[PDB]
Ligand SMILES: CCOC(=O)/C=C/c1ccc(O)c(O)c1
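As a starting point, one isolated chain is supplied in structure tokens, in the form deposited without the ligand.
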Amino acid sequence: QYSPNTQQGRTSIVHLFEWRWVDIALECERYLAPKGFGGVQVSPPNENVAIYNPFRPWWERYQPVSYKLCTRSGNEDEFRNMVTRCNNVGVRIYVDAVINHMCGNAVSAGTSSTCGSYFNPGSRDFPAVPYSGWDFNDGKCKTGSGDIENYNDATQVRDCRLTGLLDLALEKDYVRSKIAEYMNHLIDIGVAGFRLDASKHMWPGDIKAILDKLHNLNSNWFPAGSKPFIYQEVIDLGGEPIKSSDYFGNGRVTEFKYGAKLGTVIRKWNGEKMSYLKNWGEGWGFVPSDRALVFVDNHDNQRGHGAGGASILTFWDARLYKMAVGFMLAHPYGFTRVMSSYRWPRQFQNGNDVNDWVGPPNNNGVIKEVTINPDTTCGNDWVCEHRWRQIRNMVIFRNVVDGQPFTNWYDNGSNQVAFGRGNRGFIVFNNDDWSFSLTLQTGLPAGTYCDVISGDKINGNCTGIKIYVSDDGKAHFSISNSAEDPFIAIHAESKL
């Protein structure tokens, strides 16, 4: 469950947050496959509650009604068509599995669901599954509100309602079977793995029992014996009873300390600076690299809806974001997930964004198609960070240097740092308020390399900055603290 099951080479997955299945299918064929992306995190594919107050917020998809593959992203056939077309071009699909709970206990009963299934939170009836009052933790939860009240009590965190979401009795074989039935349907369809939503709220052992029910990946696309990739969403920072290491027996875990600390370092908060990143990784209290799913921001915290808080960097801080994603894609630590979002009417007051609920670009509730502009950027308000040159090229950079060790580190004791990956790649950063001009050991073979941040290698020539590596591997780099992108990256495949 620790291997992402990507084709040989592919080292990253992209979160196409709220994209429709038909759009992801096309993206697999037109961009993801040729650019070297490993897979796609799709939003929950199961039927959810249609919430109109506020109007169709993104979070309504973490409020399950049934396991029918029927949502604003598409129906069961469109989903299947997506997995098939993506697998055929070597791009995997990872499902965001919302299995800890059903919808909010106070949501009104009826057919206000993405597939019209009837459900009654109050009587705890979800006939489309079916689930009844016997399948929820009402009796088990010991808090006065029935909701989670204190995170210092690991039991309550697992047995009570996360912000009121009806909590499934995951210890019951009936519930484990219903969930495995849903996950096996997706696996047999071609899905390569899952994001286990709210894993902190599930007992490591209940997750284990459910995983024991899962099949091996579809043998038409995957090697025999392939176990689905599993990454547990567990927000574990400082002091609290639950540790993400408690889930290592089930697969990887989201390392929320990663984006949080990379954000404070890049923002230079509390005296932090890039020179400190020399021991980036476990040295920072992070989980072991082979158990980490890393990212700069995720759909939640990019809205201030999660771990990391204010330090989290997003597409809104484009300049620094590209830098952060660049360091992440160049560093060997963990398995990288690139965020891809949509622009929303972010409006702050008294410090909080009152529009952080806004769902994806839509027309009367119907999610808008992703349109590709002539310059390869997206329209319809989709940000498509994965299409940004500096990010897509670092995605390729990661593939090129895969397996190569972290080496040849340099820092000026402040914010000008650089490092290489074996003799396959080299990257340099300048985040100080002054220019950086110096000759560094790159560990790369002599020659002329195209800097993939400022440009591309095309038709045997460079469109941007060019770096010359001498016979001893040394090369001169010059970065103005005013440069559009204050960092340079060169690798074996951008060599002329």
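When you see a residue number, it is the position in the sequence shown, counting from 1. C-alpha atoms forming the largest set that superposes within 1.5 Å between two forms make up the rigid core.
The form deposited with the ligand bound is left out here; the points below concern that form.
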Exercise. Classify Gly285 as contacting or not contacting the ligand in the entry with it bound by the rule of any non-hydrogen atom within 4.5 angstroms, answering yes or no.
Key: yes
Quiz item: According to a 4.5 angstroms non-hydrogen atom cut-off, is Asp77 in contact with the ligand in the entry with it bound?
Solution: yes
Exercise. Would you please decide whether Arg398 lies within 4.5 angstroms of the ligand in the entry with it bound, comparing each non-hydrogen atom pair?
Key: no
Quiz item: Taking the shortest heavy atom distance, is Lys257 within 4.5 Å of the ligand in the entry with it bound?
Solution: yes
Quiz prompt | Heavy atom of each of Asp188, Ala330 and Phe406 within 4.5 Å of the ligand in the entry with it bound | solution = no
Quiz prompt | Which of 180 to 188, 216 to 224, 419 to 427, 81 to 89 sits within 4.5 Å of the ligand in the entry with it bound, heavy atom basis | solution = 81 to 89
Self-check item: Listed residue that, although the ligand is not shown, lies within 4.5 Å of it in the entry with it bound (heavy atoms), from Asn415, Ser244, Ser341, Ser113
Solution: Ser244
Self-check item: Residue (of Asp153, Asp138, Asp381, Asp236) lying close to the ligand in the entry with it bound, criterion heavy atoms within 4.5 Å
Solution: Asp236
Quiz prompt | Residues in 312 to 351 with any heavy atom within 4.5 Å of the ligand in the entry with it bound | solution = none
Quiz item: Of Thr336, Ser113, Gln390, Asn301, which one's CA moves 2 Å or more between the shown form and the other one, core aligned?
Solution: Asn301
Quiz prompt | Exceeds or equals 2 Å, Cα of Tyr468 between the shown form and the other one, core fit | solution = no
Quiz item: Does the C-alpha of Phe55 move 2 Å or more between the shown form and the other one once the rigid core is lined up?
Solution: no
Exercise. Align on the rigid core first; then say whether the Cα of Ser311 has moved by at least 2 Å between the shown form and the other one.
Key: yes
Quiz item: Considering a change of 3 Å or more, are the Cα atoms of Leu313 and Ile235 closer or farther in the entry with it bound than here?
Solution: farther
Quiz prompt | Cα separation of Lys322 and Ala307 in the entry with it bound versus here, shift of 3 Å or more | solution = farther
